[PDB]
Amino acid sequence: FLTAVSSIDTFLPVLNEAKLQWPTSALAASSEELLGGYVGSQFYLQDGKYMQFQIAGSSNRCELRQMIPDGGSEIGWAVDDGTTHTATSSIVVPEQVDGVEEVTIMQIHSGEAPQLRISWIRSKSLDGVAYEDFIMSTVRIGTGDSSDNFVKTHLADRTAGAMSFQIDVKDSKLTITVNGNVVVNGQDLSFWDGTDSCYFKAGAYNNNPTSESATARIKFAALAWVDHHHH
């Protein structure tokens, strides 16, 4: 039988601050249900250690969505509220099966758009350089569809071992740290000033697969939203 993620202590803080969306943005499990041992092939404890997400289908997901702690409702914060908003993770991204082309593993999202997606990418060219099997950031600086609405950055080549990430937002600027090294340093998020519906997400969100049957799979060794005010 599949072991529940809540069976160990490692993820209890974030599970107390998240709902699970699967296989779409529809609710799969409340925070209380997650802490109560919710489990399925889409969300289970692997190796007694990893919170593992799995999902197949274009634009489908198995993802945690940041909630107000202790049974609260959906959270919404703003890039310019003066507080530092921080998400941390340690992720083992396995080799992805054929047909999986891009898997979003962490986000900043709002009511209407993704401010940031950190994603594994099979193959893509950025600023004239071709990259394969790597982790990328995509930041929106507008809601348009043209390339000038995005800043896309190679963060790191995918590693077999765990890779640490940290996302920080403060005073309308974004920093991303990968394995302890700042890779994105103060990217401007001021386009989003005044949007008070932002929140963190993490898990697996499957983007533009070439087979809707192909199952994306992502293993978290650690995940947290870090509260700088210590509530």
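In this text, residue numbers run from 1 along the sequence as written.
Stretches compared: 145 to 153, 85 to 93. Higher mean C-alpha B-factor in the entry: 145 to 153. As listed in the deposited structure, the average C-alpha B-factor of 66 to 74 and of 158 to 166 is greater for 66 to 74.
Set against one another, the Cα B-factors of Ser30, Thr175, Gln52, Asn206 in the record reach their highest point at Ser30. In the deposited entry, the Cα temperature factor of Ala221 sits in the bottom third of values across the chain's modelled residues. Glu132: CA B factor lies in the middle third for its chain, per the PDB record. Per the PDB record, residue ranking by Cα B-factor puts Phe191 in the highest third of the chain. Residue-level temperature factors show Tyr44 in the middle third of its chain, judged at the C-alpha atom. When the CA B factors of the chain's modelled residues are split into thirds, the value for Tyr199 lands in the middle one.
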